[PDB]
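Derivation of every value follows stated rules applied to the coordinates shown; laboratory data play no part. Here Cβ is always computed from backbone atoms with ideal geometry, including for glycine, and neighbour counts include all displayed protein chains.
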Amino acid sequence: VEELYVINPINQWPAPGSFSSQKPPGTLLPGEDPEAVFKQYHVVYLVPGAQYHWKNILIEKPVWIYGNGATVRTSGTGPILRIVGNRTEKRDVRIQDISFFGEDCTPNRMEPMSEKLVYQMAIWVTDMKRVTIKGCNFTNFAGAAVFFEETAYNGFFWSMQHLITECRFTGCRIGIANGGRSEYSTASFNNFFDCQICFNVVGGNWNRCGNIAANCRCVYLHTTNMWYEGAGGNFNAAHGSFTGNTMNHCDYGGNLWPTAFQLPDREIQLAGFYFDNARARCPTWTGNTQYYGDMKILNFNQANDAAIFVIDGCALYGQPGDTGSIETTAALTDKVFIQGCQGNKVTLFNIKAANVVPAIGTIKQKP
Amino acid sequence: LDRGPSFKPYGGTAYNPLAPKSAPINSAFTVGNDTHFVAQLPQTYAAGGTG
Amino acid sequence: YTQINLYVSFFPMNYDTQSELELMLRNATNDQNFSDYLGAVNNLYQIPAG
């Protein structure tokens with residue numbers, strides 16, 4: 001404990017080469033450039049309970065990031081954590097246990113959406129397959145939270161099996177966004193809060209099986225010419241599932257976002273379920289709870305008796321005035337059915353009495 | 001004798017030394033899509049009508 | 001180094017005064033003594049970190 005070994009003096013030699021490399025086995029310290037570490041390893045651990053600062057981290061090879069309770073902040077116009085792939089990757093990406101924050105605090109919910117805010121996301125996957133976002137916390141994003149782009153693929157290779165589970169989204173303007181042709185992936189049990197749009201749906205055939213959206217203005221947006229389409233845009237759209245979710249307090253109660261949204265072409269009035277696309281069909285709709293959540297069924301593909309929108313096993317429950325009301329176009333009265341439902345006394349705009357079983361709600365007409 | 005690029009025999013700077021360190025020049029940008037213009041225009045000349 | 005020199009100042013002593021001073025320093029008892037001002041032996045011993 002005192003080290004009394006004797007020593008001889010140095011003999012004025014040139015000293016031999018002493019090196020102290022391999023100090024991280026696979027980890028990533030704070031204040032270290034992540035682009036040179038993600039290139040070298042396959043699994044990158046992070047320091048437990050650290051405090052990072054990332055901006056435009058380009059990832060080309062699929063790596064796994066165990067966050068261990070890390071905190072990644074950012075500042076600037078770039079996204080965090082840009083994931084660009086090729087078609088030929090056998091490995092997968094798993095981003096796990098990280099709390100992504102934004103360049104905000106109690107975000108500017110009165111500022112309109114524009115081209116300036118479109119690059120304020122935290123994960124932007126270009127064409128990487130089999131990504132996984134598991135147990136994360138995304139706060140205060142002026143743009144999207146994630147955005148899954150996909151370029152033009154061929155040969156019925158629908159694979160791209162993504163998972164977005166167990167996440168917490170607070171204050172993000174747009175939650176899970178997805179580009180066109182981003183088909184057949186799941187996004188469930190993500191607890192939304194204080195978001196303007198929970199799902200900016202462009203790609204179809206998704207599966208949403210447990211998400212909770214409290215105090216959010218919109219949950220399911222699908223129009224023509226939204227934001228966040230990417231290369232290979234609005235094609236083969238809105239075919240997903242939407243089962244057992246929760247969208248309480250979208251119009252009355254504790255909602256804070258405004259109703260206008262300012263799309264790149266026009267402005268529209270948001271609802272808890274806004275849908276307007278003549279070329280796309282409607283998702284399945286089971287087990288969803290709505291307290292004071294509006295629905296706007298404007299246009300789908302009913303052209304040659306090709307689609308019928310059916311609400312099954314859901315709650316409606318909007319009493320005061322027109323809060324939580326369901327709005328349909330008068331040319332779509334024969335195709336919107338509600339079979340199996342519970343409601344307080346909710347305003348139904350342009351829905352026939354024989355098309356709803358059991359007989360609930362107030363039936364009005366909105367010319 | 002060459003001293004290399006690590007040589008600076010003075011403190012501060014010799015170019016715009018009075019400027020605030022956060023002040024930009026009159027410049028044009030490229031960020032995202034909108035080429036932002038930021039400028040300061042001392043001279044004022046004419047054009048009472050349409051300029 | 002492109003160029004280098006070596007400058008020595010020669011004292012202009014008289015040739016008879018020089019020939020008396022040369023023959024006194026050719027003598028074996030008039031050896032020029034010198035000594036280093038430091039007078040020390042360097043011995044650098046390593047201390048490990050900590």
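Here are a few things to note about the model shown:
- Lone qualifier among A:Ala307, A:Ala359, A:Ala353 - being of a type outside the set (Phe, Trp, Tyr), part of a loop (DSSP other than H, G, I, E, B) and in contact with a strand residue (DSSP E or B) (Cβ under 9 Å, 6 or more places away or on another chain): A:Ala353
- Condition met for A:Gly31 (without any contact (Cβ under 8 Å) to a residue 40 or more places away in the chain, more than 23 Å from A:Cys172 (Cα to Cα) and not basic (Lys, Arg)): yes
- Of the set (1) in contact (Cβ under 8 Å) with a residue 24 or more places away in the chain; (2) farther than 22 Å from A:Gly293 by Cβ, all apply to A:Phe156 but (1).
- Some residue of the stretch A:8-18 being away from every other protein chain (no Cβ under 14 Å) and hydrophobic (A, V, I, L, M, F, W, C): no
- Residues in the stretch A:194-207 that are assigned to a strand (DSSP E or B), under 18 Å from A:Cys250 (Cα atoms) and not hydrophobic (A, V, I, L, M, F, W, C): A:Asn200 alone.
- Filter pass, C:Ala28 being under 30 Å from A:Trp13 (Cα atoms) and either within 14 Å of another protein chain (Cβ to nearest Cβ) or surrounded by fewer than 10 Cβ atoms within 10 Å (Cβ to Cβ) (or both): no
- Among the conditions (1) touching a strand residue (DSSP E or B) at 6+ places or on another chain (Cβ under 7 Å); (2) of a type outside the set (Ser, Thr, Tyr); (3) in a loop (DSSP other than H, G, I, E, B); (4) touching a residue at least 40 places away in the same chain (Cβ under 8 Å), the only one that A:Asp251 does not satisfy is (1).
- A residue that is free of Cβ contacts under 8 Å to residues at least 24 places away in the same chain and either farther than 25 Å from A:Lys364 by Cβ or not acidic (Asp, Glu) (or both) can be found somewhere in the stretch A:326-341.
- Selection within the stretch A:216-237 - in a loop (DSSP other than H, G, I, E, B) and either free of Cβ contacts under 8 Å to residues at least 60 places away in the same chain or among the polar types (S, T, N, Q) (or both): A:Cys216, A:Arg217, A:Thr223, A:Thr224, A:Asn225, A:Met226, A:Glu229, A:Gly233, A:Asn234, A:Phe235, A:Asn236
- Matching residues in the stretch B:1-35 - criterion: being touching a strand residue (DSSP E or B) at 6+ places or on another chain (Cβ under 7 Å) and within 14 Å of chain A (Cβ to nearest Cβ): B:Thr35
- When each of B:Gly48, B:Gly4, B:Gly11, B:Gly32 is tested for being surrounded by 10 or more Cβ atoms within 10 Å (Cβ to Cβ) and either in contact (Cβ under 8 Å) with a residue 40 or more places away in the chain or not hydroxyl-bearing (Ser, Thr, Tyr) (or both), the lone residue that passes is B:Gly32.
- Selection count, the stretch A:342-363, where residues are free of Cβ contacts under 8 Å to residues at least 24 places away in the same chain and basic (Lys, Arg): 1
- Residue count, the stretch A:273-304 (criterion: touching a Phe, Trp or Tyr at 6+ places or on another chain (Cβ under 8 Å) and assigned to a loop (DSSP other than H, G, I, E, B)): 13
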